[PDB]
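Notes for the one structure printed next.
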Amino acid sequence: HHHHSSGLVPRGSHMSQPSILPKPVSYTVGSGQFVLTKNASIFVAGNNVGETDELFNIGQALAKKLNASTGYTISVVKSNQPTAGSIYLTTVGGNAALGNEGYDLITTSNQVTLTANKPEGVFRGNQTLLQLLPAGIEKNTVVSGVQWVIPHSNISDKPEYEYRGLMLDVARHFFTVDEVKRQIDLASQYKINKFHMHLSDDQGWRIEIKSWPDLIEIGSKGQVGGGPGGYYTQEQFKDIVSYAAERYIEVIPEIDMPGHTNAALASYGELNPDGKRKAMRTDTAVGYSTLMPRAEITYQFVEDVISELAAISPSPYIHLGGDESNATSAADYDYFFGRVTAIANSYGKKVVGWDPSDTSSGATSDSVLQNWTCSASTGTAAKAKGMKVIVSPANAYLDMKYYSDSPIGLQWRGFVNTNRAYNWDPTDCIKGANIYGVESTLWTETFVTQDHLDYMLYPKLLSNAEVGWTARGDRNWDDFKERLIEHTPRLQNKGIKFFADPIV
Ligand SMILES: CC(=O)N[C@H]1CN[C@H](CO)[C@@H](O)[C@@H]1O
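First residue of the sequence shown: 626, per the numbering used here; consecutive thereafter.
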């Protein structure tokens, strides 16, 4: 048999017809079609009144999206007696084998029925439902001249990995609450279920800490390239968490330590050996900053930050970073990371950290390794300790240029086009581990505007999203590429300023 890899498309990027991404476990089409009309209602029914109330909220979220493009005023009804022309969302009789996020979605001429085990699975299934309707449905304004049809069809679905995440770096360049909510919303449509906020680095500190107010008054006032920076108040952070929760997305906040800490060091002189504030940094250098690993003030600082952040962050996890601590000795790093893990645990939070944080003698089997290095030896400690691993290989570093000539992006992991972002498996990155899942990382050294974020995340994130959701055996670039071409109008309709990748 003959095989080949993909080259660029001759003559440039290519960028009744559902466009489901990520690819579901099964999808069949039959004769006939459902028509969504102005008289449609969404019916919801759970196993008890509390569950029905949760489904009702999901129902309203769906109604809002459908109403924006159809111009209809679809409303939601708590009833298990859907009428012809209805969408029906239920958790009664879910197939347990599909787990918390899985669902069946069956469309007949008279009814759309989504059957899940949990409300979460109804929400994920609703992302597929939107992709079954014609392109145009994802517009934010009313679309005329499109019949709102869904083919008779049968879908069953569940994720391969539990953790399918996106990290946004808001330290290198700041992004507004609205901008962050938008990226969370867009990602949710592709079944991304985790959002990691990189809230602090050398160039800025982005979260209000009431006990150390100069973290904002001094530490938030810049970014890479000398823009004004910005920050989130605790109320704003809680708002982001709530917005994510409506999409069944867990928010994991990161305070990077002991490295990548210049903004803290520029805010409080007492965090430095000479007692003087560091000058703020607006360059892109890394590795030079460190907290004082053998001073008690360091641990008081970390405890105050963790106390305040834990109080406003419902996720059981806090990310404490641990990358590029090149101004911290191996011995001091081991000690520091163990000490801060104990603090986090005392506030009821489990610790996530970048490699090599798993090597800390203070780690527990409840700590999580975010494996970014993905070398043969990375996560040896994590594996021995039974720690879950989140993988972020080069293929998930979405801030890499698509190509040599990309106008934005970095290139220290090489180039990552839409094909490279697809053609990998988490088991490539680390062997013999408990792989919790995947996280796409969008560092922002070179991204200033929302358009920059869109360009780099779309279509790259779609590739990563499918790697997290769809089983390896059902992933195939030639298949995905053609599906992505079909999906393009939907990206346009969402107002995503995507890159028309010439490999698609
Ligand atoms: C975990 C991680 O990726 N840390 C840094 C790696 N080096 C990159 C280029 O300097 C930085 O963007 C990341 O912050």
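Positions of the beta carbon are idealized from the N, C-alpha and C atoms, including for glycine.
Simplified DSSP assignment, three categories, for residue 1101: Note: residue 1101 maps to coil in three-state DSSP.
Inter-residue spacing [alpha-carbon to alpha-carbon] between residue 898 and residue 964: 19 Å
Neighbour flag for residue 827 against chain C, beta carbons, 7 Å: Going by chain labels, chain C is absent from the structure shown, which holds only one protein chain.
Proximity test, residue 1063 beta-carbon vs ligand 1 heavy atom, cut-off 6 Å: no
Distance cut-off 6 Å: residue 979 Cβ against heavy atoms of ligand 1: Residue 979: yes, Cβ under 6 Å from ligand 1.
Anticipated Cβ contact below 8 Å, residue 1078 with residue 812, distance rounded: Actually they are not in contact, since the Cβ atoms of residue 1078 and residue 812 sit about 11 Å apart, beyond 8 Å.
Supposed contact pair residue 1028 and residue 1040 - C-beta distance, whole angstroms, cut 8 Å: Rounded, the Cβ-Cβ distance is 6 Å, consistent with contact.
For residue 657 and residue 717, believed in contact at Cβ under 8 Å, the rounded distance: With 8 Å as the limit, residue 717 and residue 657 do not qualify as a contact, their Cβ atoms being about 25 Å apart.
Cβ neighbour criterion (16 or more within 10 Å) applied to residue 678: exposed
For residue 995, the three-state DSSP class (helix, strand or coil): It is a strand residue.
Per-residue burial, residue 766 [other beta carbons within 10 Å of its own, 16 or more giving buried]: Around the beta carbon of residue 766, fewer than 16 other beta carbons lie within 10 angstroms, which makes this residue exposed.
Contact test: residue 1103 Cβ vs ligand 1 heavy atom, cutoff 6 Å: no
Residue range of the alpha helix (DSSP H) that includes residue 1094: 1085–1094
The stretch 882–894 touching the stretch 908–923, judged by at least three CB pairs closer than 8 Å: The answer is yes - the stretch 908–923 touches the stretch 882–894, with three or more Cβ pairs under 8 Å.
Validate contact between the stretch 849–869 and the stretch 961–978 using beta carbons, cut 8 Å, 3 pairs: no
Contact under 7 Å by Cβ, residue 798 with residue 1092: Going by C-beta atoms, residue 798 is not nearer than 7 Å to residue 1092.
Selected residue, minimal CA-CA separation from residue 1037, among 998, 1004, 676: For the residues 998, 1004, 676, the minimum Cα distance to residue 1037 belongs to 998.
contact_flag[the stretch 803–818, the stretch 786–794] where n(CB pairs < 8 Å) is 3 or more: Verdict: yes, contact present.
Rounded C-alpha distance that separates residue 865 from residue 636: 42 Å
Of the listed residues 774, 1082, 722, nearest to residue 1069 (C-alpha basis): When 774, 1082, 722 are compared, the shortest CA-CA separation from residue 1069 is found for 1082.
Segment contact, 8 Å Cβ cut-off, at least three pairs: the stretch 768–775 with the stretch 1048–1056: no
Neighbourhood of residue 642 by C-beta distance below 7 Å, restricted to the same chain and skipping five residues each side: 1111
Near ligand 1: residue 948 beta-carbon under 6 Å from a heavy atom: yes
CB contact flag (residue 907, residue 847, <7 Å): yes
Beta-bridge partners of residue 659, as assigned by DSSP: 775
Opposing strand residues paired with residue 741 [DSSP bridges]: 728
Assumed close pair residue 1004, residue 1058 - CB separation to whole angstroms, cut-off 8 Å: 6 Å
For residue 1103 and residue 629, the rounded distance between their alpha carbons: Those two C-alpha atoms are separated by around 10 Å.
Own chain partners of residue 1060 with C-beta closer than 6 Å, once the 5 adjacent residues on each side are dropped: 1014, 1051
Contacts around residue 901, its chain only, beta-carbon distance under 6 Å, and the 5 residues preceding and following it disregarded: 894
Residue 706 burial status per 10 Å Cβ neighbour count (16 or more: buried): exposed
Backbone CA spacing between residue 1006 and residue 843 [nearest angstrom]: 38 Å
Neighbourhood of residue 749 by C-beta, 7 Å cutoff - its chain only, sequence neighbours within 5 removed: 726, 728, 816
Three-state secondary structure (DSSP) of residue 829: Coil.
Contact test: residue 997 Cβ vs ligand 1 heavy atom, cutoff 6 Å: yes
Residue 758 - DSSP class collapsed to helix/strand/coil: Three-state DSSP puts residue 758 in coil, outside helix and strand.
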